[PDB]
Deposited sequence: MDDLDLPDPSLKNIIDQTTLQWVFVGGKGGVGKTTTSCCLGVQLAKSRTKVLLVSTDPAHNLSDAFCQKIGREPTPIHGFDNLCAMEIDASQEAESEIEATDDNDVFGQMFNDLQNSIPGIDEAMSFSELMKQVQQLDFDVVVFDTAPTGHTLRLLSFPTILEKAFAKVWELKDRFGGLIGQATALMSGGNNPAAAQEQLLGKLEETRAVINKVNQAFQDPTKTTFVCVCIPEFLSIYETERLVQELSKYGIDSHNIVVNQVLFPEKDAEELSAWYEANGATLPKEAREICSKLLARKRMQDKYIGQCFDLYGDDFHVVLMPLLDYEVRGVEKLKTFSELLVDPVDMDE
C-alpha cells in the first residue's frame, strides 16, 4: 500500500505550525505524546512551550521535574519550557450567570490562558489537553458565550423595571444598570479573545490536532467523537497515534502459526501466557484494522509499542519521541 507515513514527522516538517493540540481519552498517552512532540520540536524551532490543562500534574511526573504555573525550562534543553495549569451588584449578576450558563467560567479561564500564552511569545505550543469529554466542551465555547449573552439580554428585558428603580437608590459602585453593562463588556472581552483564537485554530497552517488512542473500543470511540467534533468546528486533524500496541512488529498470523505448531512443547505456564498474549494480539489487530478503516486514507496512523516501564524521564521521552517521528 501507499499511505501517509506512519509517524508524526509531518508535524515537525510543517514549520509554520503555532498550536499543536494532543487529545484522547484518559490513560492513552496524551501527556507522553505531548512531551515527545515538544522534545522533537525543540530541535528545529527557536522556542517551544508545553501547556498542560489536564487537571492533575502529570507533566512534572513525565519530565521527572517540578513544573510551575509559568514557563519552566526543562533540564537538558535550552529552548523547551513547560507549564502546568489547574452589596456588589456586578458580583451577584456574574454569580447568577455562572449558575445559569454552565461552562462560562471555563470559557473565561481559557480566554485568560490564551491571552497569557499569546503574550509569552513562543514559536510553537503543544497542548496536553484534558480527556476527550472536557475538550469537546472547550470546542463548544462559542455556543456557551452566545447563550450567556442571550441570558444577560433576557435578564435586562425581564427586570429592567426593578433595575432602573434601584439605580436611583444605591450610589457609588453599585448601579445595577452599570453592573449589567459591565457584565456584557466582560462577556464581550471573552468572546473577542476566543474569536481571534478560533480564527487561528481553523487555519491548518497554524493549528492541528493529534488524536491518541489504544487498540480498544472505548479509546477508538472517543477518538471518533473527537475527530468528528473537530471536523464540525473546522479544526484540522491528520494524525492518529495508536499507543501501547503489543509488539507492533510481528504479525498475528506468524505467531498463531508458531503457537499452533509448538504450543504443546512448552510448559503449561508458558503455554498459557503465550495463548493469552496471542488472544490480546488478535483483539488489538481487530481494533487497529478498525482504525485503518476510519482513518489512514486521510490520517497518519502511528503505531507505538507497549513498554514494560513508564515513559518518565528525559532519556526515555527522547527514545519514545524518536519512535514517534521515524519508526
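Chemist: Pop the missing stretches of the deposited sequence into a list, counting residues from 1 and keeping sequence order.
Modeler: Unmodelled stretches: 1-3, 90-103, 345-349.
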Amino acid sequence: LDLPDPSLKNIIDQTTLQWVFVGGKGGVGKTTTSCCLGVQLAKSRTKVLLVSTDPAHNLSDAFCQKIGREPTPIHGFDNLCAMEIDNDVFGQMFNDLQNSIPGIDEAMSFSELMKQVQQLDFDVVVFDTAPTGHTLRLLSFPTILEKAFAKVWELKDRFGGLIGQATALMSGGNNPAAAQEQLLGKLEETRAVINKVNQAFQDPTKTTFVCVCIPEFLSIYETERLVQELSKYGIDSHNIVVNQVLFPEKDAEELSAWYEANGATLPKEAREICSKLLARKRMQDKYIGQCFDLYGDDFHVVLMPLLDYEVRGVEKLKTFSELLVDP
From here on, numbers count along this sequence of modelled residues.
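Chemist: May I ask you to compare 165-173 and 206-214 by their mean CA B factor in the entry and name the higher one?
Modeler: Averaged over C-alpha atoms, the B-factors run higher in 165-173.
Chemist: Is the mean CA B factor in the deposited entry higher across 135-143 or across 180-188?
Modeler: Averaged over C-alpha atoms, the B-factors run higher in 135-143.
Chemist: For the C-alpha B-factor as written in the entry, point me to the maximum among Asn262, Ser44, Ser275, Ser34.
Modeler: Most elevated C-alpha B-factor of the set, per the entry: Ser44.
Chemist: Take the CA temperature factors straight from the PDB entry and tell me which of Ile74, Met114, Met93, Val241 peaks.
Modeler: Each of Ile74, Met114, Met93, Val241 was compared by C-alpha B-factor; the highest is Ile74.
Chemist: Sort the modelled residues of this chain by their C-alpha B factor and say whether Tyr221 lands in the lowest, middle or highest third.
Modeler: CA B-factor rank for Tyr221: lowest third.
Chemist: Please place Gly26 in the lowest, middle or highest third of its chain according to the CA B-factor in the PDB entry.
Modeler: Lowest third - that is where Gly26 ends up once the chain's C-alpha B-factors are sorted.
Chemist: Once the chain's modelled residues are ordered by C-alpha B factor and cut into thirds, is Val311 in the lowest, middle or highest one?
Modeler: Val311: CA B-factor falls in the highest third of its chain.
Chemist: For the chain shown, is the CA B-factor of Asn99 in the lowest, middle or highest third of its modelled residues?
Modeler: As the PDB entry reports it, the C-alpha B-factor of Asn99 lands in the lowest third of its chain.
Chemist: When the deposited Cα B-factors of this chain's modelled residues are ordered and cut into thirds, is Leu317 in the lowest, the middle or the highest one?
Modeler: Top third by C-alpha B-factor.
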